[PDB]
Number of protein chains: 2
Amino acid sequence: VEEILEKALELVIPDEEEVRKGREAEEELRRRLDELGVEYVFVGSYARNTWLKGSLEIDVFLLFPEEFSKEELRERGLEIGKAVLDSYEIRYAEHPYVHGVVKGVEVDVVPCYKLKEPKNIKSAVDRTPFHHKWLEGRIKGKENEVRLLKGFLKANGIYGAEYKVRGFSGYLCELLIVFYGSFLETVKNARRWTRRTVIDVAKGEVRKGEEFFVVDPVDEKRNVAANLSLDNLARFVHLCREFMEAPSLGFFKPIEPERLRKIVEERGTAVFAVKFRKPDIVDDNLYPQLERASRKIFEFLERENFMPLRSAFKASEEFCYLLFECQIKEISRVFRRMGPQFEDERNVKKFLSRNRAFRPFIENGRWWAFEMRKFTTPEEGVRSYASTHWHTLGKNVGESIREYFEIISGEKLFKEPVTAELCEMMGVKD
Amino acid sequence: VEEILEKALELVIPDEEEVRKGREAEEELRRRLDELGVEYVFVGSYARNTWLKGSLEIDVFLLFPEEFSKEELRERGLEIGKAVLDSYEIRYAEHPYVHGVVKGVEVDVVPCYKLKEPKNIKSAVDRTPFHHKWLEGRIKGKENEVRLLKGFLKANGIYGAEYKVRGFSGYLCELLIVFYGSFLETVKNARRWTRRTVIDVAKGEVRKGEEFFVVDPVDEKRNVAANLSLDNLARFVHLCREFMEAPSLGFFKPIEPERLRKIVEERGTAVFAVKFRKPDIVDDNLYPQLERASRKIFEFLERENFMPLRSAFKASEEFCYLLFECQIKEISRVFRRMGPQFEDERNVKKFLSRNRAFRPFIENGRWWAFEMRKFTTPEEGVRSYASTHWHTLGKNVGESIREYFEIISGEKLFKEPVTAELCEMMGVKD
RNA sequence: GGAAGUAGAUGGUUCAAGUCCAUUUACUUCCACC
RNA sequence: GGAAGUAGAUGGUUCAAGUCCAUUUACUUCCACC
Ligand SMILES: Nc1ncnc2c1ncn2[C@@H]1O[C@H](COP(=O)(O)CP(=O)(O)OP(=O)(O)O)[C@@H](O)[C@H]1O
Ligand SMILES: Nc1ncnc2c1ncn2[C@@H]1O[C@H](COP(=O)(O)CP(=O)(O)OP(=O)(O)O)[C@@H](O)[C@H]1O
Ligand SMILES: [Mg+2]
Ligand SMILES: [Mg+2]
């Protein structure tokens, strides 16, 4: 293992030229910011030298007096960000900031309140300067351990707390390194994590809770792992077990429509997608909506007895796809409806008063009716469901589905940019 | 209602010529029996004049000393029966008797023990002479009420306690008339019977029990309605409710393969039969076995996710048919198998060590595997099931299935003598 | 023959079976055939 | 935007809904976007 981690360091540590680029970009930022007479602080991974090789982003925090309105922070912050970056983008879900580039390096310029105590925070980002002060004199010397953890997580698709990933944030990685001492110790101990593991770095303690909870040393009410999904927690624990069993440098490194067609026909399942235009909204808004829409349709498919197996979704540049595989390609038109016990004649009368095609029957002490379905395939079902229940499939996703959707299968489906997702959904290997 | 019951009397009461035939057959039996110096007693419906018009059978009971072996009763009883009847058949499940004809009338000649007290009975039939003594001076004058109840039950397929029917015995009908006073009172009160109704004629009482129970005034441990099915009890109660709501003389009176084909295709269901040679055994042995075989296959169909709707069975002269209708004509080859929670690595290791086609996955905190079915249709499934599980489908039925069976559907099935059963199974009306 | 129960022994399946699919011994009832 | 909760109002389905499919008002958190 020790030999592998040596090799892995070459993948996670920035070389002298990349470090040089960062420092020069930092120096230029300070120069631009000092010219404006702005109050700022460097925070995050650049300021701690815990950033992953090839993935540098400098965080500059603009410190505003607590009295300022939320609207002043965005106006003033966006104004400063734009004046200070070579090129810029402004795109966010709630908390305002400017993304840009200085001397080839990515930068976020972020307005925040200058608080004493990261308690009753005023903006969403107010803890961040306190994270830095806390980590400052604790992370020193353990930089490459953090970089190993980040690289391990990134190579396995579970790095980042954003909705798209629902994984481990960079800050969480730093806290784990402070807690365990090193990447290897983190990985060894994570093998024994449960869905009820509470890690409290400030108290130097692991206990049991209602949920997986890593308490922010800056804010004991804050779960740093709040947005780590159960399944992704499960993935990391499993990965840690595998790595220790058979340590591989491959842990640190990240089909033709014809074969996919044959696999689907081998499975004998109904495979299809709902396709609609992607709403022009940020990822952090879009993905939870794609998750909701996918779940609502899945649940419809289950209560309709199509026996859905799994679901998946994918957003391309212009379209979104909700993907489903079902055990039932076609169900009978007739089904049975449960009626009352033979005993209560009031409800039996009412149950039998319905005009039906097929004459109700007594079985095991109760009345039952044959009834007719409006659809017999999972595709016909989803068409009905998505057309009438658009409004429950996410604010923007539901509105887009209301404007246009189509259900795709077969040769037509395997031509869509969804092949990676389909393979993962069906556990296709090789 | 009173007018209908007047008309109905003409259907249930034997005319003077049929009564005359019975009396002459009785006189001839006595003459044949007296010539042999045999000890006998007339019992049952002929002896009480409670027999249904057109359905006369005389019961002659041979009274043997209690000390006699079971084998002497059969040998001696069969010997006497044969000497005394014009023609005869000997066919029974357990308790020996001879069926025959004297002067055009059906007769059962039955050996029984001459007990004091119908307690700790020695043969299955030992209560019968006591039933007669009990009913003798209680049923007098209410003969036609009994005949109305018998006729009502017979016209609706629930007369007789034998396994083929699982309904109301003639003796049960007599007890109900003694309890309620008349057919109309029986029918009025039966509307309020439940699956827990206990009727105790000897005590003049209705109470609540664990099950529907009519206590034999001759034997308080005996449930006269022991073999009345829950569903047939339910049928009678419902029928009683209908009759009182809309009294009809029709209550007392008992499809082309092409239309049936269209109905099945309208339903979109899988309809098929298991066909095998009828074992050469009595009804009372056969029917419970047909019931078992039908249930075992149904249960297989349910746990295999073919969503069976109902089942039915029919014995012809030479074949037996087990009939099934399923919502699922074809299921996918792939299905999901539930594995362990991500937490216990011992069981996860073992779950993942199985060589599979399709790579297991984590969902909601636990491992799942894709697995492949050996069959994809309910017919393929039953073929597999009946070929390997013949031994659990009844002693004789299972052995016959082991020798030969076939699964039939479509045009081929609608040509079998099973159309009545199929219509009833699917609630076909008109 | 079928059903219910009591005690015991097994095979298969399954990550895991007293708990699912089956096999089997002993004992106790009960039902249908009147 | 998404999630959880507290209180209230509705439509549909159903023999029967506080209990299923949905709609909606007020209030309390929480998460992602750093
Ligand atoms: N979801 C979240 N939870 C907790 N803290 C967060 C956070 N997002 C941002 N932060 C804080 O803001 C700092 C900067 O965040 P980012 O720039 O998004 C990532 P980073 O921690 O610098 O590491 P990375 O660039 O190596 O991924 C973090 O170090 C952390 O203090
Ligand atoms: N399953 C059963 N339960 C209770 N008593 C039964 C019985 N089978 C037969 N008996 C007794 O034996 C008598 C003769 O029975 P069966 O001849 O089979 C019918 P029955 O009662 O004479 O009426 P039926 O000929 O109008 O149907 C009955 O009257 C009853 O006393
Ligand atoms: Mg950064
Ligand atoms: Mg008779």
Side-chain angles (χ1 to χ4, degrees), chain A residues 43-44 57 59-61 91-97 99 108-112 123-125 127-128 161-164 166 171 221 223 226-227 281-289 291-292 300 303 337-340 344 346-354 367 369 388-389 391-392 394-396, chain B residues 43-44 57 59-61 91-97 99 108-112 123-125 127-128 161-164 166 171 221 223 226-227 281-289 291-292 300 303 337-340 344 346-354 367 369 388-389 391-392 394-396:
Chain A
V43 296
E57 167 182 289
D59 298 283
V60 178
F61 266 53
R91 214 164 150 80
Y92 57 89
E94 181 271 301
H95 185 273
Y97 68 98
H99 187 77
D108 271 347
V109 188
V110 186
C112 90
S123 81
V125 310
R127 282 176 290 246
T128 301
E162 67 272 25
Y163 278 117
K164 191 173 173 188
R166 290 189 178 268
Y171 180 58
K221 290 316 132 196
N223 186 8
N227 205 37
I281 68 190
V282 294
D283 284 359
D284 309 275
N285 290 340
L286 176 64
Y287 279 84
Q289 289 178 42
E291 289 177 339
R292 187 196 220 271
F300 161 82
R303 70 181 171 268
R337 193 178 230 97
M338 191 191 69
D344 59 330
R346 212 111 215 86
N347 284 295
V348 174
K349 277 198 77 169
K350 294 178 66 188
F351 183 71
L352 297 182
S353 75
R354 302 306 223 84
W367 282 93
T388 57
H389 289 240
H391 190 266
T392 200
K395 167 72 175 158
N396 303 285
Chain B
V43 296
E57 167 182 289
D59 298 283
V60 178
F61 266 53
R91 214 164 150 80
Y92 57 89
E94 181 271 301
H95 185 273
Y97 68 98
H99 187 77
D108 271 347
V109 188
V110 186
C112 90
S123 81
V125 310
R127 282 176 290 246
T128 301
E162 67 272 25
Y163 278 117
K164 191 173 173 188
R166 290 189 178 268
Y171 180 58
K221 290 316 132 196
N223 186 8
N227 205 37
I281 68 190
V282 294
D283 284 359
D284 309 275
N285 290 340
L286 176 64
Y287 279 84
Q289 289 178 42
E291 289 177 339
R292 187 196 220 271
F300 161 82
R303 70 181 171 268
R337 193 178 230 97
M338 191 191 69
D344 59 330
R346 212 111 215 86
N347 284 295
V348 174
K349 277 198 77 169
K350 294 178 66 188
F351 183 71
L352 297 182
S353 75
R354 302 306 223 84
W367 282 93
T388 57
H389 289 240
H391 190 266
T392 200
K395 167 72 175 158
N396 303 285

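Just so we're on the same page: letters track the sequence lines, and every chain starts at 1. These values consider heavy atoms only, across backbone and side chains, with no hydrogens, waters or symmetry-generated copies.
In this structure, B:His391 places its NE2 atom 12 Å from P of C:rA22, rounding to the nearest Å. Summarising the geometry, the separation between CZ on B:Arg303 and P on C:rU14 is reported as 15 Å, rounded to the nearest angstrom. Taking atom CG on B:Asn285 and atom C1' on C:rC31, their separation rounds to 12 Å, with Å as the unit. One can place CD1 of A:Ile281 at 9 Å from P of D:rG1, the figure rounded to the nearest angstrom.
Minimum atom distance to the side chain of A:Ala226 is reached by D:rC31, of the listed C:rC33, D:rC15, D:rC31. Looking at the side chain of B:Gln289, the nearest of the listed nucleotides D:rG1, C:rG1, C:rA32 is C:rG1. Of the candidate nucleotides C:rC33, D:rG2, D:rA32, D:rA32 has the atom nearest to the side chain of A:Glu94. Closest to the A:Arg292 side chain, of the nucleotides D:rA3, C:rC33, D:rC33, is D:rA3. Nearest to the side-chain atoms of B:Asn227 among the listed nucleotides C:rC31, D:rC33, D:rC15 stands C:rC31. The side chain of B:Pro340 approaches C:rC15 more closely than any other nucleotide in the set C:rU23, C:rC15, D:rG1. Taking only side-chain atoms of A:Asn347, from C-beta outward, the nucleotide of D:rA32, C:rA32, D:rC15 with the closest atom is D:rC15. Closest approach to the A:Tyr97 side chain among C:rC15, D:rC33, D:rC15 is made by D:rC33 (side chain taken as heavy atoms from C-beta onward). When distances run from any side-chain atom of A:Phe61 to the nucleotides D:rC34, D:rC33, D:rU23, the shortest one goes to D:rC34. With D:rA32, C:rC34, C:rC15 as the candidates, the nucleotide lying closest to the side chain of B:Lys350 is C:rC15.
Pairs of Watson-Crick or G-U wobble type, with distances under 3.5 Å, assemble into runs of 3 or more in RNA chain C at these ranges: C:1-6 with C:26-31, C:8-12 with C:20-24.
C:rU14 and C:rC20 have their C1' atoms separated by 9 Å, with the value rounded to a whole Å. Across the P atoms, C:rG1 and C:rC21 are found 24 Å apart, a figure rounded to whole Å. The same atom, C1', is picked in C:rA7 and in C:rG12; the two are 24 Å apart, to the nearest Å. Comparing C:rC15 with C:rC31, their P atoms are spaced 46 Å from each other, to the whole Å.
Between A:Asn285 and A:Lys395, the closest side-chain pair of non-hydrogen atoms is not below 4.5 Å. Looking at A:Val125 and A:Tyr97, their side chains never come closer than 4.5 Å, going by heavy atoms from C-beta outward.
Of the listed residues (B:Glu162, B:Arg166, B:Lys164), just one forms a side chain to side chain contact (heavy atoms under 4.5 Å, CB included) with B:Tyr287, and that residue is B:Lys164.
The two residues B:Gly44 and B:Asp59 have their closest heavy-atom pair at CA-OD2, 3.9 Å. Residue A:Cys112 comes nearest to A:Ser123 through the heavy atom pair CA-OG, 4.2 Å, listed as atom of the first residue, atom of the second, then distance. The two residues A:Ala161 and A:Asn227 come nearest to each other via the heavy atoms O-ND2, 2.8 Å.
Without both a ring-centre distance below 5.5 Å and an interplanar angle below 30°, C:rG18 is not stacked on C:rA17. Stacking fails between D:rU19 and D:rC20 under the rule that six-membered ring centres lie under 5.5 Å apart and planes differ by under 30°.
The 5' end of RNA chain D is approached more closely, in terms of each residue's nearest nucleotide, by A:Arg166 than by the other of A:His389 and A:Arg166. Each of A:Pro288 and A:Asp344 lies near RNA chain D, and the nucleotide nearest A:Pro288 is the one positioned closer to the 5' end.
For C:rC31, the base has a donor-acceptor partner in the side chain of B:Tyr163 [N/O atoms by modelled type, under 3.5 angstrom].
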